[PDB]
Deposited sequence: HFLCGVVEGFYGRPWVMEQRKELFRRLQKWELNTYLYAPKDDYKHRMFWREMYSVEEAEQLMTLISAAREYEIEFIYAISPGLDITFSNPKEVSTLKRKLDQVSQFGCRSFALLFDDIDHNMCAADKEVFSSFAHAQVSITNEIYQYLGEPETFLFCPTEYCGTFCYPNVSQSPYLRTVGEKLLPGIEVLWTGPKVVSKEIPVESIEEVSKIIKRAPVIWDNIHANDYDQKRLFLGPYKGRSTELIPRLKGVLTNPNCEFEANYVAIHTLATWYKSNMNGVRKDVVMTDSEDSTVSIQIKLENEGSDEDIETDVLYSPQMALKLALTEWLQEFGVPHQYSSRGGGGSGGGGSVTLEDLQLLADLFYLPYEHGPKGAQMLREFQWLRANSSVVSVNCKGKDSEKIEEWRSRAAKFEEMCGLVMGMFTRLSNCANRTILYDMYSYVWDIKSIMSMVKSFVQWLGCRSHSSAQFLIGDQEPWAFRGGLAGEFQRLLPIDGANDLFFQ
């Protein structure tokens, strides 16, 4: 079968169990089938990967694995040992089996070893036994694979997991060639595309990588991931991957926004795409999303998705406001002048729709959804309001010489903190 669902694989606060049960429910309702457990900062998954689960942790984990079974969602337990594992020490290897055996006894049948986001060097001891980094990982991955009875689904995440991370390139990487040559045929290989966050995933790039890993890979997709930028959130549709990829791929697991409720559209459009027009998929997702709010209108949600769209694209309504603002600023010296004021008034009315969107979200019944998104919505509301004020100030300069900011300011007029001060020097 083709694996399609969600990987919880992002940095930061992981989802809690009640949220994960809700995700299985949603995956089944939308006819997806797979969940990959890999939250980088759930401490026993990576930083303290050798440590057994406590009695209470084990009870939560089995209750969670049962919910996946109950909802016919395949539960894939990952582990990330690569920060400090000594690959050539056999108790290290046994500690890894012991760890996986424990989760086996919770009911888990599908597993993954992750070697992403780690140094490319080995310790001294390991360099004598293995001839390269690729040798050390597939050695232990094969040994683990077979040790657990050669299971239904086993995933392997390479260190060179996207186009740009391949040295020197994809076709000639001695790491990936070793992976394809020596990783056992029943083990799957994870791939994020040409980039960590791929704008597109062309099929020629998937033929290229497939040839050297001797397998169609499973896509770990970071199109909707937002752990790398506090200010960002991605409510746009799944986009940039042709449906012609489906037969050339072993699966697609989306790594979405850290805020659980913000991923309704991210997962809905992946579902629709698994059976394609991005705009039409978005309309279906936003329409269905609307009534989990009740007040908020569809037009409000259209605007909200367009302000928080995709990593390389704003939505149409967001791009327009930005163009109008750039045109207004550039042409502001003239304050024909009747066109400037006509488009300034229209621009201010669009800012009002961002204000009113925020107001109605703030009154909605689903407080869970509101809390996941509150900071993002207040962020864009307050910047739009200062932008509206700036346009009004530009229009008033034919009858005033006052500075835009007069006098002493509250701290929010100057945005970003110390991080912001560093960025502006770049």
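Would you mind checking the deposited sequence against the model and listing the stretches with no C-alpha coordinates?
-> Missing from the model are residues 276-315, 335-351, 393-402, 494-504.
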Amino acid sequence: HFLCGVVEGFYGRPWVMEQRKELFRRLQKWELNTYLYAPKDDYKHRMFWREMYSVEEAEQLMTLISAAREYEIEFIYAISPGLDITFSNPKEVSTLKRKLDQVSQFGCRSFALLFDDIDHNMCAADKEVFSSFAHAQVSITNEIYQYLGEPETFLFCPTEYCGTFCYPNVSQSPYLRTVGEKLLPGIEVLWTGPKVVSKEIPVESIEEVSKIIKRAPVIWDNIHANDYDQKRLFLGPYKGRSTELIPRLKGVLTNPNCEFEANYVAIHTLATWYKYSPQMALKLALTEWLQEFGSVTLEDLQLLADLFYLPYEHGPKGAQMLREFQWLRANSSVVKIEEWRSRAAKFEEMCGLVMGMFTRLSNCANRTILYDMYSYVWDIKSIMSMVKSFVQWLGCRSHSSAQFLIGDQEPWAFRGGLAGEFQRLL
From here on, numbers count along this sequence of modelled residues.
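Between 384-392 and 371-379, name whichever shows the higher mean Cα B factor according to the PDB entry.
-> That would be 384-392.
So 74-82 or 206-214, which one's hotter by mean CA B-factor in the entry?
-> Going by the record's values, the stretch with the higher mean is 206-214.
Highest CA temperature factor in the entry: which of 261, 348, 221, 229?
-> Of the options given, 348 has the highest CA B-factor in the PDB entry.
Report the option among 233, 328, 112, 337 whose CA atom has the maximum B-factor in the deposited record.
-> Spelled out: the listed residue with the top C-alpha B-factor is 337.
Would you check the entry's CA temperature factor for residue 308 and let me know if it's in the chain's lowest, middle or highest third?
-> Lowest third of the chain for residue 308's C-alpha B-factor.
Just say lowest, middle or highest third for the CA B-factor of residue 279 relative to the other modelled residues in its chain.
-> It belongs to the highest third of the chain when residues are ordered by C-alpha B-factor.
Residue 241 by Cα B-factor - lowest, middle or highest third of the modelled chain | For residue 241, whose C-alpha B-factor we compare with every modelled residue in the chain, the answer is the middle third.
Among modelled residues of the same chain, the CA temperature factor third for residue 24 = As the PDB entry reports it, the C-alpha B-factor of residue 24 lands in the highest third of its chain.
According to the PDB entry, is the CA B factor of residue 419 in the bottom, middle or top third of its chain, that is, lowest, middle or highest?
-> Tercile = lowest for this residue's CA B-factor.
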